[PDB]
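**Student:** requesting a structural model of the entry that follows:
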Amino acid sequence: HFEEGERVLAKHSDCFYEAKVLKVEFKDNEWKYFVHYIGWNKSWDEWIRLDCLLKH
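**Tutor:** Residues are numbered from 1 along each chain as shown. Please see the structure below:
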């Protein structure tokens with residue numbers, strides 16, 4: 001429900017970080033979104049669920 005490359009807010013731990021969507025994938029009856037956290041290396045890039053995403 002989010003285009004790739006789209007800038008969003010992604011929740012990691014307690015707060016939301018400004019992020020960018022790198023991949024969108026569907027599997028096992030569910031969406032999962034690979035995001036980059038602006039300010040942080042590829043190291044910190046990770047998959048996350050819809051729950052954790054927020055439209056800018």
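**Student:** ok, now which ones touch residue 11?
**Tutor:** With contacts defined as CB atoms under 8 Å, 6 or more residues apart in numbering, residue 11 is in contact with 17, 48, 51-54. From N, CA and C alone the C-beta is placed, and that goes for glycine too.
**Student:** and the furthest pair within those?
**Tutor:** Spanning the widest gap among those are 17 and 51, at 14.6 Å by CB to CB.
**Student:** more neighbours: these two, which one.
**Tutor:** Neighbours per residue, other CB atoms under 10 Å: of residue 17 and residue 51, the larger number sits with residue 17, 17 against 7.
**Student:** ok, that one - contacts?
**Tutor:** Residue 17 neighbours (CB under 8 Å, 6+ apart): 9-11, 37-39.
**Student:** just checking, next helix/strand downstream of the helix or strand where it lies?
**Tutor:** Assessed by DSSP states H and E, residue 17 sits inside strand 15-27. Scanning forward in sequence from strand 15-27 by DSSP H and E, the next helix or strand is strand 30-37.
**Student:** could you point out which element follows that next one?
**Tutor:** Following strand 30-37 toward the C-terminus (DSSP H and E): strand 46-48.
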